[PDB]
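J.: If you're matching them up, the sequences are chains A and G in order.
As numbered in PDB author numbering, residues 398 to 446 make up the first sequence, in order.
As numbered in PDB author numbering, residues 1 to 75 make up the second sequence, in order.
Have a look at this one.
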Amino acid sequence: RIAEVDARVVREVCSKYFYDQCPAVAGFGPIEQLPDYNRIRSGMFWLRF
Amino acid sequence: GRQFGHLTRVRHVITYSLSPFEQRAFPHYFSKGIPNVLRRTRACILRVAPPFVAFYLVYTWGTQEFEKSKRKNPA
Ligand SMILES: CCCCCC(=O)OC[C@H](COP(=O)([O-])OCCN)OC(=O)CCCCC
Numbered sequence: 398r399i400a401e402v403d404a405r406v407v408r409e410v411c412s413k414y415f416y417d418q419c420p421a422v423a424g425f426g427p428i429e430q431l432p433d434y435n436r437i438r439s440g441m442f443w444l445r446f
Numbered sequence: 001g002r003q004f005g006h007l008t009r010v011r012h013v014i015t016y017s018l019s020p021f022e023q024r025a026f027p028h029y030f031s032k033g034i035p036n037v038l039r040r041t042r043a044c045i046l047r048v049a050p051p052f053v054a055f056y057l058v059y060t061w062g063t064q065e066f067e068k069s070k071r072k073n074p075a
């Protein structure tokens, strides 16, 4: 299964689960600078792509 | 210009947020919104309204008086 993996497989598999998906965020401690959820959500896609 | 991480001190406060793609943008827009407008109107009507009502009465009287004064009276 590992040998089957090449660069294309990683681009396809990662886009399936990461790209333009809503993440779950958990913060604890001095988290004033933790980005807003919308900004985090916007970090899950690229306008250039 | 100030920046996040240097604003103030906060302790023991938890915030729960939901993604915007998970919830409605207009939840109960009329079923809940109209009651809130009536609440806010009642809370401020007595502070805002009487001045402009006072203007409306002074406006109409001054215009009525100005109109009658321009009409002549028998000698
Ligand atoms: C010719 C257009 C050039 C691109 C400008 C633009 O769209 O700004 C980016 C944001 C949306 O990207 P994002 O904030 O999700 O960040 C995404 C990063 N991955 O859009 C906005 O809401 C900003 C308002 C700009 C109006 C002038």
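Even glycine gets a Cβ: it sits at the ideal position worked out from N, Cα and C.
1) Using DSSP with H/G/I as helix, E/B as strand and the rest coil, what is G/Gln64?
2) If you draw a straight line from the alpha carbon of A/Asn435 to that of G/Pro50, how long is it in whole angstroms?
3) At a Cβ cut of 7 angstroms, what residues of the stretch 418-429 of chain A count as close to chain G, listed as they run along the chain?
4) The alpha helix (DSSP H) spanning G/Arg2 covers which residue range?
5) Given a cut-off of 8 angstroms, decide if A/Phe442 and A/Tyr414 are closer than it, judged by their beta-carbon atoms.
T.: With the structure as the only source:
1) In this structure, G/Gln64 counts as helix in the three-state DSSP scheme.
2) Approximately 44 angstroms, taken between the alpha carbons.
3) So the close ones are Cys419 and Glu429.
4) First-last for G/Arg2: undefined, no H or E at that position.
5) Not in contact: A/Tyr414 and A/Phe442 (Cβ atoms no closer than 8 angstroms).
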